[PDB]
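A.B. asks: Fold the stuff below for me.
(one chain, ligands or ions: 1)
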Amino acid sequence: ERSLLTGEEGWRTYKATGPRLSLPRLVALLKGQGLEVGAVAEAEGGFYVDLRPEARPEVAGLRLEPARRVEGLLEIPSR
Ligand SMILES: [Cl-]
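C.D. replies: Residues are numbered from 1 along each chain as shown. The relevant structure is shown in the block below.
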């Protein structure tokens, strides 16, 4: 399983979108849920973030979906 942001083996790229959502706020929440977080990048309509293929994330109030595609990034991905 490989990352769409970095090409890394061992990742699934999710997109994240929510009200009053930013990237640091995204990451804090994810860690707040016990998830291990890889590369992140903000995109034109939201955020991309790598989660473990095994991870089954459930943040209250946020919508988290695996990406089919990566489009309209706003920044280069990094950790
Ligand atoms: Cl499942």
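
A.B. asks: need the contact list for residue 15.
C.D. replies: 43, 46, 47, 48, 49, 64, 65, 66, 67 (CB atoms under 8 Å, 6 or more residues apart in numbering). Every C-beta, even on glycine, is put in place using the N, C-alpha and C of the backbone.

A.B. asks: Tell me who's in contact with the most centrally placed residue in the chain.
C.D. replies: The centre of the chain sits closest to residue 49, judged by CA atoms, centre = their mean, with a distance of 1.7 Å. The contact partners of residue 49, taken as CB under 8 Å, 6+ apart, are 13, 14, 15, 16, 26, 27, 30, 37, 38, 39, 40, 41.

A.B. asks: Provide the secondary structure category for the first one.
C.D. replies: In this case it means residue 13. strand (DSSP: H, G, I helix; E, B strand; the rest coil).

A.B. asks: From residue 43, how far out is the residue lying closest to it once chain neighbours are set aside?
C.D. replies: Excluding the flanking residues, the one nearest residue 13 by CB to CB, 6 or more residues apart in numbering is residue 4, at 4.0 Å. Here the distance between residue 4 and residue 43 works out to 11 Å (CB to CB, to the nearest Å).

A.B. asks: So between these two, which is more surrounded?
C.D. replies: Neighbours were counted for residue 4 and for residue 43 using other CB atoms under 10 Å; residue 4 has more, 21 against 17.

A.B. asks: Tell me which residues touch the more buried one, please.
C.D. replies: Residue 4 touches 13, 48, 67, 69, 70, counting by CB under 8 Å, 6+ apart.

A.B. asks: Repeat the analysis, applying 7 Å as the threshold.
C.D. replies: Applying CB atoms under 7 Å, 6 or more residues apart in numbering, we find residue 4 in contact with 13, 67, 70.
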